[PDB]
Amino acid sequence: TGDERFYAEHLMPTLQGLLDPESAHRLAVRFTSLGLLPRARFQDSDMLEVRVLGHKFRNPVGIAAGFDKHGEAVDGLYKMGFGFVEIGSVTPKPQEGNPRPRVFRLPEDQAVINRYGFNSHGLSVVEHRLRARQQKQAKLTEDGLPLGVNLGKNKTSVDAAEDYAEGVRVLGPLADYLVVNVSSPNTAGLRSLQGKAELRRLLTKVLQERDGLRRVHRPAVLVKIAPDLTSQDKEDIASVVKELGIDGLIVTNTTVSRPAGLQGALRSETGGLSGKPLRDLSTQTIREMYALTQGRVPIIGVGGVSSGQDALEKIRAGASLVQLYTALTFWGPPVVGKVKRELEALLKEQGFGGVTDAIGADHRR
Ligand SMILES: Cc1cc2nc3c(=O)[nH]c(=O)nc-3n(C[C@H](O)[C@H](O)[C@H](O)COP(=O)(O)O)c2cc1C
Ligand SMILES: Cc1nc(Cl)sc1C(=O)Nc1ccc2ccccc2c1
Ligand SMILES: O=C(O)c1cc(=O)[nH]c(=O)[nH]1
């Protein structure tokens, strides 16, 4: 499409050449929140509809956590064409995150490295922001456009489990699903919460708090995991998920690895790497987690999705829904319709009646 080309070849490179990545992001969030977006001409066909997590999703392509950290651009994101929106991570108290600069573009690799460290307006601010549009969201969700809330923990928190529990109590009633983010590489000690005993204890508390919410305000609970886990880690996560009845998994967060072949000058910056070099590592993690959970636990696949083929590979590997973030940084808003259009075409070409038929298809061949 003309829009795709204009954004890819002209607008985005100009934006990028004029502003550092954090400023560019702040501006993108502002424009999104004002609905200043190119025409999402793409109409979602029935083939793209998915029913999972106790909800209908008009299409399976969502915006990943981190773009709208504080819940400021939710409606603009649906307008962009996303079938669902996840905000966060939100921490219990407000916090500034790491010192700048803390995000870096690797254009030669179509990758980003970030070390934001959970900059967050905090639960109270986000709660009021979501309450101000709560009934509009109730109608969106009913219409097949659900909202997810991703929870983090404060840097100085003594008790991680209580941080997450507070998030469940405060934002749980405003969310269709909650994400327990235990996979940020930018908060010290956080990833150790993926370990079997820590995870079991943490998630038992989270699920207890969730179950204590009134029925119409009771969200699904998902756990978002790293792409850098050992086989033992993945086995243990699968075991805990099945033991506790966790509703789903988000696979994956950014990687602390630096795959061979990265060309960007900034490849050795500390932080999580996202984008294209993450793609197949993420897809393989989805494939493994789907097998370990016997295809019975919904997976949202995320990491390096920039095309319909990327989306479909994750869906065939076992993802019921997919998310993207970094591709937006390079291709802008037209990438969303592009992914949906290509995905629909590929589903038809490969003989699937719809997205639902393709979920986990690789494991049945
Ligand atoms: C700048 C930036 C900030 C992010 N912040 C969060 C976050 O706060 N919580 C979270 O769970 N994931 C966060 N992520 C990870 C994304 O949600 C996603 O898992 C990861 O970037 C891989 O997807 P992608 O390759 O499409 O970007 C962030 C990613 C980036 C690039
Ligand atoms: C389309 C448009 N009209 C005016 Cl005026 S400014 C503007 C505009 O620049 N919109 C953008 C550009 C890039 C983006 C990247 C990510 C997310 C949202 C984005 C919105
Ligand atoms: O805030 C962060 O730095 C952040 C959190 C997260 O979950 N993933 C990431 O790449 N960065």
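Throughout, a per-chain count from 1 in the order the sequence is written supplies the residue numbers; the entry may number residues differently, and those without coordinates are omitted. The naming scheme follows written order: chains are lettered A onward, ligands numbered 1 onward. Where side-chain values are given, they derive from all heavy atoms of the structure, hydrogens and water being excluded.

For this deposition, the record names X-ray crystallography as the technique by which the model was determined and cites 2.000 Å as its resolution.

A. Spatial organisation of the packing of helix α1 (residues 2–18) against helix α12 (residues 334–349). Running from N to C, α1 and α12 point in directions that differ by 130 degrees, and their axes come no closer than 9 Å. Relative to α12, the element α1 lies oblique. At the point where α1 passes α12, the crossing takes the left-handed sense. Of α12, the residues touching α1 (which contributes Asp-3, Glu-4 and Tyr-7) are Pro-334, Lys-338 and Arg-341. All residues other than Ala, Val, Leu, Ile, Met, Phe, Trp, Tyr, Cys, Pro, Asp, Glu, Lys and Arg, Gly among them, are scored as polar; the first ten of these are nonpolar and the last four charged. Looking at the contact of α1 with α12, its residues break down into two nonpolar, no polar and four charged. Between N-to-C directions, angles cover 0 to 180 degrees, with each direction set by a line fitted to C-alpha atoms, over the stretch in contact for helices. Every helix listed is a DSSP run of H or I at least four residues long, and every strand listed is a run of E at least two residues long, numbered separately from the N terminus. Here is the rule for angles: anything less than 35 degrees is roughly parallel, anything more than 145 is roughly antiparallel, 65 through 115 is roughly perpendicular, and the remaining ranges are oblique. Working rule for handedness: look at the near helix, and if it is turned counterclockwise from the far one by less than a right angle, call the crossing left-handed; if clockwise, right-handed. Working rule for contacts: check all heavy atoms of both residues, and any pair within 4.5 Å makes them a contact.

B. Expanded view of the environment of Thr-187. For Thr-187, the position within the fold is in the loop between β8 (177–181) and α7 (196–211). Considered as a pair, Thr-187 and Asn-98 are 89 residues apart in the sequence and their alpha carbons are 9.7 Å apart. Those residues within four positions of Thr-187 in sequence are excluded, and the remaining contacts are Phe-118 and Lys-153.

C. Spotlight on the site of ligand 3. Taken together, the neighbourhood of ligand 3 is formed by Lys-69, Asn-114, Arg-115, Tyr-116, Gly-117, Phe-118, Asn-181, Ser-184, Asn-186, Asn-253 and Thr-254. Between ligand 3 and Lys-69 there is a distance of 3.0 Å, counted from an oxygen atom to a side-chain nitrogen or oxygen. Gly-117 places a main-chain nitrogen or oxygen 2.7 Å from an oxygen atom of ligand 3. If ligand 3 stood free it would expose 290 Å²; the protein chains cover 91% of that surface. A single heavy atom is enough: if one lies within 4 Å of a molecule or strand, its residue is considered near that molecule or strand. Contacts described as polar in this section are N or O atom pairs within 3.5 Å, which, within protein, must combine one atom able to donate a hydrogen with one able to accept it, while residues neighboring in sequence count only if both atoms come from side chains. Computed with the Shrake-Rupley method and a 1.4 Å probe, the accessible areas treat only the protein chains shown as cover for residues.

D. Representation of a nonpolar patch on the surface. Each patch is built from residues that are more than 30% exposed by relative accessible area and take part in no salt bridge. Like charges join if they lie within 9 Å; nonpolar side chains (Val, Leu, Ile, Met, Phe, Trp, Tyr) join within 5 Å. What counts as a salt bridge is simple: a side-chain nitrogen of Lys or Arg found within 4 Å of a carboxyl oxygen of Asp or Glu. Together, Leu-18, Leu-19, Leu-27, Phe-31, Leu-34 and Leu-36 line one region of the surface with nonpolar side chains, adding up to about 560 Å² of accessible area. Among the secondary structure elements, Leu-27 is positioned in helix α2 (residues 21–33). To sort residues, take the accessible area from a 1.4 Å probe on protein chains only and compare it with the maximum for the residue type: under 20% means buried, over 50% means exposed, and anything in between is partly exposed. What makes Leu-27 partly exposed here is its relative accessible area of 31%.

E. Just the pattern of salt bridges, in detail. All chains considered together, the criterion is met by 22 salt bridges. The shortest N-O distance in the salt bridge between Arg-5 and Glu-9 comes to 2.7 Å. Of this pair, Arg-5 and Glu-9 both sit in helix α1, four residues apart, which is roughly one turn of that helix. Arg-5 sits in the exposed class, given a relative accessible area of 54%. Note that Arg-316 and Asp-362 form a salt bridge whose closest N and O atoms lie 2.8 Å from each other. Of this pair, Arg-316 sits in helix α10 (residues 308–317) while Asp-362 sits in the segment after α13 (355–358), and the two are 46 residues apart along the sequence. The exposure class of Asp-362 is partly exposed, given its relative accessible area of 22%. In this structure, a network of salt bridges that share partners links the residues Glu-162, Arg-169, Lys-205 and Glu-209.

F. Examining the pairing of β8 more closely. Among the five residues in β8, five count as buried, and that is most of the element. The handedness of a crossover follows from its direction of travel: if, with the strands pointing away from the viewer, the path from the first strand over the helix to the second runs clockwise, the crossover is right-handed. Read from strand β7 (residues 147–151) through helix α6 (residues 160–171) to β8, the crossover connection turns out right-handed. As defined by bridge partners, β8 adjoins strand β9 (residues 220–225) across five bridges and the pair is classed as parallel. Among the inter-strand pairings, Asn-181 is bridged to a residue of β9, identified as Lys-224. When DSSP finds at least two bridges between two strands, those strands are taken to pair.

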